[PDB]
file run.txt (compact mmCIF, C-alpha atoms)
# COMPACT_ATOMS: atom_id res chain seq x y z
CA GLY C 1 8.44 -7.96 -15.08
CA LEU C 2 9.25 -7.64 -11.36
CA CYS C 3 12.91 -8.12 -12.30
CA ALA C 4 12.87 -5.35 -14.89
CA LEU C 5 11.27 -2.91 -12.44
CA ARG C 6 14.00 -3.77 -9.93
CA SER C 7 16.62 -3.04 -12.60
CA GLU C 8 14.82 0.17 -13.58
CA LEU C 9 15.02 1.60 -10.05
CA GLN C 10 18.72 0.75 -9.77
CA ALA C 11 19.12 2.55 -13.09
CA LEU C 12 17.25 5.61 -11.83
CA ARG C 13 19.45 5.65 -8.72
CA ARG C 14 22.52 5.43 -10.97
CA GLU C 15 21.15 8.41 -12.96
CA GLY C 16 20.89 10.69 -9.92
CA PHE C 17 17.34 10.19 -8.66
CA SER C 18 17.37 10.69 -4.89
CA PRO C 19 15.72 8.65 -2.11
CA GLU C 20 13.09 11.31 -1.44
CA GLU C 21 12.14 11.22 -5.12
CA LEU C 22 12.08 7.39 -5.25
CA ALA C 23 10.96 6.53 -1.69
CA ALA C 24 7.35 5.86 -2.66
CA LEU C 25 8.33 3.79 -5.70
CA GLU C 26 11.03 1.85 -3.85
CA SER C 27 8.71 1.10 -0.92
CA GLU C 28 5.99 -0.16 -3.28
CA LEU C 29 8.45 -2.45 -5.07
CA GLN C 30 9.75 -3.79 -1.75
CA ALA C 31 6.21 -4.59 -0.61
CA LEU C 32 5.43 -6.46 -3.85
CA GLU C 33 8.63 -8.49 -3.55
CA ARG C 34 7.67 -9.37 0.03
CA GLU C 35 4.10 -10.27 -0.95
CA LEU C 36 5.43 -12.54 -3.70
CA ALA C 37 7.75 -14.16 -1.16
CA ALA C 38 4.76 -14.68 1.10
CA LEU C 39 2.66 -16.32 -1.60
CA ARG C 40 5.48 -18.75 -2.39
CA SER C 41 5.82 -19.68 1.29
CA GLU C 42 2.07 -20.23 1.48
CA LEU C 43 2.37 -22.68 -1.40
CA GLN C 44 5.17 -24.60 0.31
CA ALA C 45 3.03 -24.71 3.46
CA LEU C 46 0.14 -26.31 1.58
CA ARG C 47 2.47 -28.85 -0.05
CA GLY C 48 4.16 -29.50 3.31
CA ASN R 1 7.46 -15.51 -12.93
CA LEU R 2 3.80 -14.96 -12.07
CA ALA R 3 2.65 -17.35 -14.79
CA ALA R 4 4.65 -20.10 -13.06
CA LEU R 5 3.00 -19.20 -9.75
CA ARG R 6 -0.41 -19.42 -11.40
CA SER R 7 0.53 -22.84 -12.77
CA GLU R 8 1.49 -24.01 -9.29
CA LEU R 9 -1.80 -22.71 -7.89
CA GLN R 10 -3.82 -24.56 -10.52
CA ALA R 11 -1.76 -27.73 -10.08
CA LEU R 12 -2.43 -27.75 -6.34
CA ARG R 13 -6.15 -27.24 -7.00
CA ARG R 14 -6.22 -30.28 -9.29
CA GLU R 15 -4.43 -32.25 -6.55
CA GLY R 16 -7.23 -31.61 -4.05
CA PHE R 17 -5.55 -29.11 -1.75
CA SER R 18 -7.46 -26.54 0.32
CA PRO R 19 -9.69 -24.92 -2.31
CA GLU R 20 -10.34 -21.95 -0.05
CA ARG R 21 -6.71 -21.18 0.78
CA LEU R 22 -5.99 -21.48 -2.95
CA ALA R 23 -8.80 -19.07 -3.83
CA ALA R 24 -7.49 -16.57 -1.29
CA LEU R 25 -4.01 -16.83 -2.81
CA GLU R 26 -5.34 -16.43 -6.36
CA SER R 27 -7.14 -13.30 -5.18
CA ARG R 28 -3.96 -11.92 -3.67
CA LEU R 29 -2.03 -12.72 -6.85
CA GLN R 30 -4.56 -10.72 -8.91
CA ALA R 31 -4.26 -7.73 -6.56
CA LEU R 32 -0.46 -7.96 -6.65
CA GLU R 33 -0.51 -7.98 -10.45
CA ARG R 34 -2.69 -4.86 -10.54
CA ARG R 35 -0.18 -2.99 -8.36
CA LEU R 36 2.72 -4.36 -10.42
CA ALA R 37 1.45 -2.88 -13.69
CA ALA R 38 0.61 0.37 -11.89
CA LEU R 39 4.16 0.63 -10.55
CA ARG R 40 5.50 -0.22 -14.02
CA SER R 41 3.48 2.68 -15.40
CA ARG R 42 4.68 5.19 -12.81
CA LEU R 43 8.26 4.29 -13.68
CA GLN R 44 7.63 4.61 -17.42
CA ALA R 45 6.29 8.15 -16.93
CA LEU R 46 9.68 9.21 -15.57
CA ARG R 47 11.39 8.05 -18.79
CA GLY R 48 14.59 7.26 -16.98

call {"tool": "encode", "arguments": {"input": "run.txt", "output": "structure tokens"}}
result
Amino acid sequence: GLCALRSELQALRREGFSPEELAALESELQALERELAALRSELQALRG
Amino acid sequence: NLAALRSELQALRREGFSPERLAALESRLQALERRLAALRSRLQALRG
């Protein structure tokens, strides 16, 4: 799940994977987090 | 919890809220889920 992928990247960073090696994966995860946050705020806006 | 989000979307639809905004959000949720599983796969290839 989103949570597990977040914990997997922390693990990879703990195991010595560098930012250049993970930049594309970390930036994709960040965007999905932010898109999920957006969807939830759209729902609150409808309910509002 | 994307299942929860889907449940909220369907609840709002039953309650008469903007069917078109809800459709647009459902569409974005599908696209987000496609990228989520694709990211999951890329991480699995690295095998920690």

call {"tool": "closest_residue", "arguments": {"input": "run.txt", "among": "R:45, R:32, R:12, R:2", "to": "residue 44 of chain C", "atoms": "only C-alpha atoms"}}
result
R:12

call {"tool": "interface_residues", "arguments": {"input": "run.txt", "of": "chain R", "to": "chain C", "cutoff": "7 Å", "atoms": "all atoms listed in the file", "output": "JSON, numbers by chain"}}
result
{"R": [25, 32, 40, 48]}

call {"tool": "atom_distance", "arguments": {"input": "run.txt", "atom1": "atom CA of residue 29 of chain R", "atom2": "atom CA of residue 5 of chain R"}}
result
8.7 Å

call {"tool": "atom_distance", "arguments": {"input": "run.txt", "atom1": "atom CA of residue 30 of chain C", "atom2": "atom CA of residue 34 of chain R"}}
result
15.3 Å

call {"tool": "atom_distance", "arguments": {"input": "run.txt", "atom1": "atom CA of residue 36 of chain R", "atom2": "atom CA of residue 17 of chain R"}}
result
27.5 Å

call {"tool": "build_atoms", "arguments": {"input": "run.txt", "residues": "segment 30-41 of chain R", "atoms": "N, CA and C atoms", "output": "PDB file, in the coordinates of the input"}}
result
ATOM      1  N   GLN R  30      -3.931 -11.715  -8.044  1.00  0.00           N
ATOM      2  CA  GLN R  30      -4.560 -10.720  -8.910  1.00  0.00           C
ATOM      3  C   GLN R  30      -4.282  -9.306  -8.416  1.00  0.00           C
ATOM      4  N   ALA R  31      -4.469  -9.064  -7.112  1.00  0.00           N
ATOM      5  CA  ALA R  31      -4.260  -7.730  -6.560  1.00  0.00           C
ATOM      6  C   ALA R  31      -2.802  -7.307  -6.688  1.00  0.00           C
ATOM      7  N   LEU R  32      -1.885  -8.249  -6.483  1.00  0.00           N
ATOM      8  CA  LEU R  32      -0.460  -7.960  -6.650  1.00  0.00           C
ATOM      9  C   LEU R  32      -0.147  -7.581  -8.089  1.00  0.00           C
ATOM     10  N   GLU R  33      -0.757  -8.275  -9.045  1.00  0.00           N
ATOM     11  CA  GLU R  33      -0.510  -7.980 -10.450  1.00  0.00           C
ATOM     12  C   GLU R  33      -1.030  -6.597 -10.846  1.00  0.00           C
ATOM     13  N   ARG R  34      -2.171  -6.197 -10.287  1.00  0.00           N
ATOM     14  CA  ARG R  34      -2.690  -4.860 -10.540  1.00  0.00           C
ATOM     15  C   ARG R  34      -1.705  -3.798 -10.063  1.00  0.00           C
ATOM     16  N   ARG R  35      -1.154  -3.962  -8.856  1.00  0.00           N
ATOM     17  CA  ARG R  35      -0.180  -2.990  -8.360  1.00  0.00           C
ATOM     18  C   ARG R  35       1.121  -3.051  -9.155  1.00  0.00           C
ATOM     19  N   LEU R  36       1.487  -4.235  -9.653  1.00  0.00           N
ATOM     20  CA  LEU R  36       2.720  -4.360 -10.420  1.00  0.00           C
ATOM     21  C   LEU R  36       2.653  -3.520 -11.700  1.00  0.00           C
ATOM     22  N   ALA R  37       1.574  -3.666 -12.464  1.00  0.00           N
ATOM     23  CA  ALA R  37       1.450  -2.880 -13.690  1.00  0.00           C
ATOM     24  C   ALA R  37       1.320  -1.391 -13.381  1.00  0.00           C
ATOM     25  N   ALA R  38       0.708  -1.036 -12.250  1.00  0.00           N
ATOM     26  CA  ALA R  38       0.610   0.370 -11.890  1.00  0.00           C
ATOM     27  C   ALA R  38       1.974   0.951 -11.547  1.00  0.00           C
ATOM     28  N   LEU R  39       2.781   0.206 -10.791  1.00  0.00           N
ATOM     29  CA  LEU R  39       4.160   0.630 -10.550  1.00  0.00           C
ATOM     30  C   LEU R  39       4.935   0.737 -11.858  1.00  0.00           C
ATOM     31  N   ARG R  40       4.848  -0.288 -12.720  1.00  0.00           N
ATOM     32  CA  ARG R  40       5.500  -0.220 -14.020  1.00  0.00           C
ATOM     33  C   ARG R  40       5.162   1.083 -14.742  1.00  0.00           C
ATOM     34  N   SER R  41       3.895   1.480 -14.703  1.00  0.00           N
ATOM     35  CA  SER R  41       3.480   2.680 -15.400  1.00  0.00           C
ATOM     36  C   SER R  41       4.112   3.926 -14.787  1.00  0.00           C
TER      37      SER R  41
END
